[PDB]
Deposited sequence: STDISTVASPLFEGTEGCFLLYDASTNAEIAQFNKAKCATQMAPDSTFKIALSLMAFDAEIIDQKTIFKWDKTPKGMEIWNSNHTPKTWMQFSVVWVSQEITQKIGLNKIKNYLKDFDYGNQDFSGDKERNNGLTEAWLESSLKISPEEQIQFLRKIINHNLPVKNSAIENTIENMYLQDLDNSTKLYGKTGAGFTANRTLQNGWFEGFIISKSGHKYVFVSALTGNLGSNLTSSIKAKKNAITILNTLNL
């Protein structure tokens, strides 16, 4: 695992950052930054939509033609106040869609999926408000580390999970974002939130990259730090990931 601190350190200055890049098929570490932070678990926040998408498609509760209907009540973010699809649900981190999905699947089935995915601490208890089904993955009980997310991403693209193959590929397709400088394809998902009872912000940007040659890799960019009252932790994590990926020219 080539240490890329020389390029990553300036990008993460002012925060506790981490970056990991692994080969999809062999699990060989290609590049890393601040392994200590990489082993620390924290709320997955919206990156949990990757797992929820797998569950929703596998359970056959949604398909690519599904249209989630807005209930006309303000959700807190204007882009959330409209109808969505499985694709835009991921793109805009539409929490209310996730909540409709968890309610349909049920707590028991979610717990079973968490074991299948070996998802971090697998704690979906939430906060005594019994709000697990609606917020367990949002700066709540559920926690997972960047290292653990890497392995989860590997199992997905390698099809080493007990779920429909189509559930996996439909989820990956819905994560497509853009092509990098050298044409490498980028598929990813952001996640962000404020640490409970503190001012700190946590941020994630993780996913897959497919080189023009066809070689596949998985990556995770994460950080925790004081970035003010505006949630920009995932914007920063994503920007840093793209900068690093283009520099590595993989």
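The deposited chain is incompletely modelled, with C-alpha atoms absent only over 128.
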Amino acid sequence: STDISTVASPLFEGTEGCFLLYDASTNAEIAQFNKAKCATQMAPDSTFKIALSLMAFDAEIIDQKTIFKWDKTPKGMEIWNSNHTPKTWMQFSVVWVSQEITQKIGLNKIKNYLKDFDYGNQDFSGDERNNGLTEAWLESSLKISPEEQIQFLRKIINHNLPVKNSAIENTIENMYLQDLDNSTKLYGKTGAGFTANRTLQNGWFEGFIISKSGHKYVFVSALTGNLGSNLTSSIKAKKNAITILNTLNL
From here on, numbers count along this sequence of modelled residues.
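Per the PDB record, of the two stretches 130 to 138 and 168 to 176, 130 to 138 carries the greater mean B-factor over its C-alpha atoms. As the entry records it, the average C-alpha temperature factor is higher for 75 to 83, out of 75 to 83 and 88 to 96.
Within the selection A31, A192, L52, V218, the deposited Cα B-factor values reach their highest point at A31. In the deposited entry, the Cα temperature factor of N108 places it in the highest third of its chain's modelled residues. Placement of the Cα temperature factor of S183 within the chain: highest third of the modelled residues, per the deposited record.
Residue-level temperature factors show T47 in the lowest third of its chain, judged at the C-alpha atom. For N160, the recorded CA B-factor ranks within the highest third of the chain. Only modelled residues enter the ranking. Remark: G225 belongs to the middle third of its chain, ranked by C-alpha B-factor as recorded.
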